[PDB]
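See below for the structure under consideration.
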């Protein structure tokens, strides 16, 4: 590779109570940033969301804004690039309802979400589904911190691999992610994630009030 | 300091040169001022496109550093405000390392600086002053300061240095130190003894360089 | 399946399984079924008209004698068709001047011999090539025909 | 494990064909009306090629626009399932493929005046569904048919052919096995002429052979050209009958 | 076929006057004037395309069987803006190149009363914006063949109160008028380029058979009945049906098909192949015994 | 960046070709003399054709062969263009029409043709193999890049020597040039590349049907002649009386007879070039040691 | 994909968002558009299909097999998605690729037992997708083609013994003879949400004005994962009431067997 330093190509790689921590506006490189850390049981997730915009696009005739989201692997190389694109497409399907696009004509908002770490403990005699509500939490904070107009606070929850995002105080849905798990958990997951949403919502609102103060 | 250089060897370039020190042979070409790409454009100054090609293999991150250091030398040399919104392509093709490229890039960098300067002179581009670069090294036991070291001397060195100075007033006044790239560890007494002896041999080189420039170019003029 | 073409030519699919270095590769080459395969016998009347000369000029002789070795009935005059096994074992006897005078070697046999043992294949080819007034060797391309081509029946080795 | 030869003394090849037989040719026009201005589905042997001609139309970028001639682009998509053994990587960036694309462009730049569609773009998309020797010749025939279907003006047909050589005599229209066995020559022929748009030799070829091999190919290409005219005219007769 | 109609087929990629062939020679009379579809060398005249030989006076040409639609001067076309630049729009019509419009070729709100402004050229997006549909007449032609459009009429302008659909341009020919009133209180706009606009009949159309500030409004008629909407859908499907059978679309054909399609209760029944084929076939046979 | 040529130049050079004249004062079948200079190191070769200057460098390193080919070594040819040969070339433009063609011509002439014995590049089967690399540097351009490169690659490969190796299974000590002499790379044949440029007369009058203006064809065109040509043809021939490869993509349509004539003309050139290349290899091989006879064992 | 003016989109919304929902065409909220399917046209492959939509949308699926060690090869079914004239990298491509691989996992919506040859070796199935043309989200289009292809796939038959632990025989396959791949391919349905109405098989113009969308998988006569909400466009995306989500799942649950029945014909 003439672009980076990959080293020797003839070598081989190595072969072997909900708690939240919110911080926003710690990056001076962009318009809005957010830090989300969650620890449950033996599993914990820390990711960083960076927002750049809204910046004008030359020659653009779009009467509304344009959102672009990209997830990155900060440290541990676990999630496939194909899967990162899928979540990104899911995330954009959410905030296009959340973000007031009519406010930014001929403009574009780029959103970078760095998944620096996730720690997984598995006992021996999906996976990215659990990180999704934290990505939504981070972006919604980073957008609100940046000054981007949001119609409502976007939040979500993960129940047995079933992720569902809520706005307007859980009355409606802005996103739905179901993988594997079990059937007939429709009513249950909708109620369990709604509790996680309301919990994540109040902490998100309090976060802005704290830092803003 | 028995270097040898030729000027104006390439046909399809505004300016070119071929600098040779010991083994180390580098050929350089310069085209400009010309129309720049949009991403290269500078509203008020000249844009420099600097390319370094290795003697073996393709250009890697190693040559990317050679391009960067060569940029630090050539940038203040050129009167860039004379060419706003314009481009100057500077390409260096290292033909022979003259050193173990797996360990050192000392002689190749100095030879590229001297060749690039000569190519800029040939191309007729506005320069604020003159310039010369030499490689220097220090021995493991003797700790002597050897100017223009051989490849064999580099193997047994404790530190390697690239020195490029900016000269004015007929090559007698050091305007500034364009680049000093010291890798290794140092003692103050050795440094100034190096700079004192180094300045002498540099001044002798300019005098030789002036001779070469006049001898080749004068037959062309009337 | 099997497709019929304009020339009266047919075409099918030859599928074989190849094992190399613990690997498994499916190899298929189209298999054309001809209708102009000569018996290469002097006695034959039907075949000779069918045969076609090369663009470079040439005429093809018929090897198999019209009066082969006659044996006690009910064999009488006869041609000999060989199996794969009798060839691998029997090559020396197949070169013996005192037996096997008019022999027909099927294409499928010639192919199997080539893969199993190249030197024997060369010796078999050479005898046909070196046709003298003593011993005659012939080769028939059965696979390039349709009258004789058979396909694997369900549950058949 | 097996072994095989090239040309038997009986004048028979590995697949059963003789030295001078063209494979089964099927041709098909207007296969993708809702996807392109012109389209063709080629079946030359086991080779299966979809060809789409999109244009002449507005360039997507005004930077890439010629005011004197149309911009001609060709992208060949050799699918990962074209061969018996599925290729793990994509073949799109492969230097062999870039040369093929470049070669085809050079060929047809001289065959279409390309002076009557200024400030437009002609995009040619190709999908190779199945491959079995002589894929270059089949690519040529697919583009020629599709371009004509699009009503895009051109001076003449360009027919492509594959040549196989053993010993003294070459074999017309080579498959993958023969291609593997022996060197082949790919010929681009313009109309009914003796003029070559494309001459492609990638393997070693005795110098004595080529003059005679060329003679065989040109004669065979003429037959191919005649078939193509029949293929389109016949389709038109069939289409008219369907209308009636 | 209660929910989805899936036609299947196995073992196949797909299913199913002098003759003209490539390299063919049309004539050897040097007196001829060679037109489109041909090329010549001395006395010999050859064909460049696949089509029928045409002889008009001394002008020999070959009419292609297929190809792009061509703009003639004076055609009534319907186009959708592609780009806005400078003091002009480039409007997709469906040809080789985008349609050309000049700020001086359109009519401002308030008209004659209105005074010339140099801010119009900087605010063209307030009149025509990318994606907008409109009626237009091919005013002039450029050297290459491109068309310059104009909407200097009440008949022409931005389109609304309806739905868009398109058929091959070969199925729509030039006529005295391309805007037609049909039963069901709907109006069709049959662009020569193949672009068709079906809308609720306005007062303008009614007047022909017998506000200048809002000629570029994206707003539709706030009161459009379901009976008109369901009529539009039906007219759309029958037009697609005529197009499916290579039948030339004419006002008579459309209304005839629209009333003939009434046999089928649900409008969605008109999307099936056998229904489309029969409807078109019934029209041809109807014209047979009526002619 | 598009080069600008005066209408006057385009009319002058075209008319001169009809009068059998050219700017550099050459013939139509004549090829500019090729100068070959070897550096101190093996594999260092400089080819010069008039103003055209190319430099090739052959290098090799221990590597592992592909799974598909456990008996064959690795061999690659690099021909990346740079603005040094002229501002017409974009830095790193390896997808341009002319670039990909040139890259493919060389590859089909040397790599595909099997000019280099890759089987002799294997040290231990399926484990360690030599990886020969040919790096072509286009120093400056006055046309004939393909011809310059083929000469440069082949002269380099025939020049080149690879450190002697003693192999005992999976352990191999690569003797240095100090310890023992290096070993020359194997060659099967010597491919040479010829470039032909085609032109149109654009003249009103032809004297006879029997004898006609026909087609313009010159050999090894300069930079100014390369921009005005209507056709490109590259034929590769050797001293073995065989066609290595020939590449004609579109351009001015030509008869099969005309191509053969160019092919036969090129054969006389590749013969002179091959012998000359061998000679300069012979002169440089004997050149290297002032005392080699004093040195010898056998 | 499709470009529409503000006026046209509003009219479409009025037509479709109406309480008695009307398709611009005239379809019912559960009616699909007619499609054509060709199978077994690639002899070089183990299975193949070609689906043509009414709007010219065309997709080609190929099925190839390879003997692998299931102890080292976790995924026994790999889906590959492509489009000529389109870069591989694109967000849409990888998303559909990731999605489809989950739909056809080894132990989720596919009987991977039918791929097992011996104790140690099994058949790896490569499902290559080629989308020639498409004017909307082709996820359901591809799904129908993959289904058809997997139901007409024929794999080589094993001859050697099936116990590599003891005797350890090299995998050999009898010539000519082949066994049809008996498997139950899942289906992927896509829905459109316009106001409070849910539409099966959204057209191009319909998707442009839709408020939201649903991607619902179907296997073994029941709803299964992956289930994904999806923005069919990006200018009119709005949140939806939970009852709509339950309506969509119910809608698929009753109309899917009809689709499968029309699709199960050999």
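Each chain gets a letter, A, B, C, D, E, F and G, in the order it is written, and its residues are counted from 1.
We adopt the following convention: a contact is a pair of C-beta atoms (placed from the backbone, for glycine too) under 8 Å apart; a residue touches a chain by one contact, two chains touch by 3 or more.
Touch-path distance (fewest steps) from chain B to chain E is 2.
Common neighbours of chain D and chain E under the contact rule above are G.
Of all chains in the assembly, those touching chain F and also chain G are D. A simple rule picks the central chain: find each chain's mean C-alpha point, then take the one closest to the mean of all protein C-alpha atoms, which gives D. By the count of C-beta pairs in contact, the leading chain pair is E-G.
Of all the chains, the one whose CA centre sits at the greatest distance from that of chain A is C. Comparing the centres of all chains, each the average of its CA atoms, the largest separation from chain D belongs to B.
Inter-chain spacing, taken between the CA centroids of chain E and chain F, is 57 Å. Centre-to-centre spacing of chain C and chain F amounts to 49 Å, using the average Cα coordinate of each chain.
Look at where the CA atoms of chain A average out and do the same for chain B: the two points lie 50 Å apart. Taken residue by residue, chain F touches two or more other chains at no position, since every residue touches fewer. Contacts with at least two other chains are made by residues 58 of chain B. Contact of a single residue of chain E with at least two other chains is seen at positions 11, 13-14, 130.
Interchain contacts (touch definition given at top) occur between A-B, A-E, A-G, B-F, C-D, C-G, D-E, D-F, D-G, E-G.
Chain A meets chain G in the complex at residues 64, 66-67, 80-83, 85-86, 88-90, 92-93, 96-97, 101, 152, 161, 166-168, 171-181, 183, 186, 190. Touching chain F in their complex are the following residues of chain B: 10-13, 16, 23, 27, 29, 31, 34-35, 49, 51, 53, 55-58, 89, 91, 93, 95-96. Across the complex, chain G meets chain E through its residues 3-8, 10-12, 14-15, 18, 20, 22-28, 30-41, 50, 54, 144, 148, 152, 200-201, 255, 258-259, 262-263, 265. Per the touch definition, chain D reaches chain G in the complex via residues 32-35, 46, 48, 50, 52, 75, 77, 79-84, 86, 90, 92, 123, 125-127, 129-130, 132.
Across the complex, chain D meets chain C through its residues 1-5, 8-12, 14-20, 24, 45-46, 84-85, 132, 168-169, 175-177.
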